[PDB]
Amino acid sequence: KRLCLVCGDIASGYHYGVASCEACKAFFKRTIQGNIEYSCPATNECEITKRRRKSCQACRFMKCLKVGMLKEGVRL
Amino acid sequence: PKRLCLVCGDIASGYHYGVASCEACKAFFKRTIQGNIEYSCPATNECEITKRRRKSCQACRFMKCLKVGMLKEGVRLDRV
DNA sequence: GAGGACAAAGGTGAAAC
DNA sequence: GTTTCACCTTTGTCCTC
Ligand SMILES: [Zn+2]
Ligand SMILES: [Zn+2]
Ligand SMILES: [Zn+2]
Ligand SMILES: [Zn+2]
Ligand SMILES: [Zn+2]
């Protein structure tokens, strides 16, 4: 089953160049559209899992970038 | 269509934790579960819960939330 | 596979307690 | 010092395009 490369939830298909779920798709889209900056309250190593993806916006967004979600896939 | 809070009789803003409820009972239930807060009734666990008296007993207000069907599991452990 | 509508989650802080 | 609640923001679903 296609897994979301960000969080391990079931992927709905490719989004912004990468196998991802609707939740991570929507989160990445909002983050880019608003130029929203987050910062980790731990040390930028928060676990991102389907059951625990909302614990840190900063680490979730960094994981999106890491797995190859593309800023320019989001329309201005 | 106008809907009433099943807990206290205030105007409901929507469904919260599975039940028609106002913003106050939603917030109260959310705080209670997030903190695993235990309350105790000073009377005999039959305090009336109304718009005018929802503040008088945390214990009875929380038990009423459970009674009308508010769901502990609708409160996410996944948060900041 | 892009974005948007939107219910129902979540967070907040002045005022109430 | 802690708790309440009106008014916010964010999340994730499901839909048109
Ligand atoms: Zn399989
Ligand atoms: Zn995901
Ligand atoms: Zn973090
Ligand atoms: Zn209520
Ligand atoms: Zn009581």
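To find a chain, count down the sequence lines: A is the first, B the second, and so on, and within it residues start at 1. Atom set for the values below is all heavy atoms of this structure, side chains included, hydrogens, waters and symmetry mates excluded.
For the pair A/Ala19 and A/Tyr14, the tightest heavy-atom approach, listed with the atom from each and the gap, is N-CD2, 3.5 Å. Across all non-hydrogen atoms, the minimal contact from A/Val18 to A/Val67 is CG2-O, 3.3 Å. In terms of heavy atoms, A/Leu3 sits closest to A/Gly8 at CD2-O, 3.4 Å.
The furanose ring of D/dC8 falls on the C3'-endo (north) side of the pseudorotation cycle, as its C1'-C2'-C3'-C4' torsion is above zero. Sugar puckers are classed by the sign of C1'-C2'-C3'-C4'; that of C/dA14 comes out south, on the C2'-endo side.
A/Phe61 and A/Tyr38 have perpendicular rings, their planes meeting at more than 60° on a 0 to 90° scale where under 30° would count as parallel.
No donor-acceptor pair closer than 3.5 Å links the side chain of A/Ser55 to the backbone N or O of A/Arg52. Using a distance-only test at 3.5 Å, with no hydrogens or angles considered, no donor-acceptor pair links the side chain of B/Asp10 to the main chain of B/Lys51.
Spacing between atom CG of A/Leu76 and atom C1' of C/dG3 amounts to 14 Å, rounded to whole angstrom units. Going from atom OH of A/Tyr14 over to atom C1' of C/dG1 covers 12 Å, rounded to whole Å. Here the P atom of nucleotide C/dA9 and the CD1 atom of B/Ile33 are 13 Å apart, to the nearest Å. Between B/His16 atom NE2 and C/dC6 atom P there is a gap of 17 Å when expressed in whole angstrom units. Atom-to-atom, NZ of A/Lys50 to P of D/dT11 comes out at 18 Å; the value is rounded to the nearest Å. Atom CZ in B/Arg3 sits roughly 11 Å away from atom P in C/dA8 (whole-Å rounding). At whole-Å resolution of the value, CD in B/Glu38 and P in D/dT3 are 13 Å apart. Between B/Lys26 atom NZ and C/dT12 atom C1' there is a gap of 12 Å when expressed in whole angstrom units.
Between B/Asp78 and B/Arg61, it is B/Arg61 whose nearest contact on DNA chain D lies nearer the 5' terminus.
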Show me the protein contacts with nucleotides 13-15 of chain D, counting only N or O atoms at under 3.5 Å.
from   : atom 1 : to      : atom 2 : distance (Å)
D/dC14 : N4     : A/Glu22 : OE1    : 3.0

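OP1 or OP2 of C/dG11 lies within a sub-4.0 Å distance of a side-chain N or O belonging to B/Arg79. In this structure, A/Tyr16 reaches the C/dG3 phosphate: one of its side-chain N or O atoms is under 4.0 Å from OP1 or OP2.
Between the side chains of B/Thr50 and B/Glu48, no donor N or O sits under 3.5 Å from an acceptor N or O.
With C/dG4, D/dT4, C/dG11 as the choices, the nucleotide that has an atom nearest any side-chain atom of B/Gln58 turns out to be D/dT4.
Contact annotation for A/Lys54: backbone-only contact, meaning every heavy-atom pair under 4.0 Å involves sugar-phosphate atoms and none involves a base.
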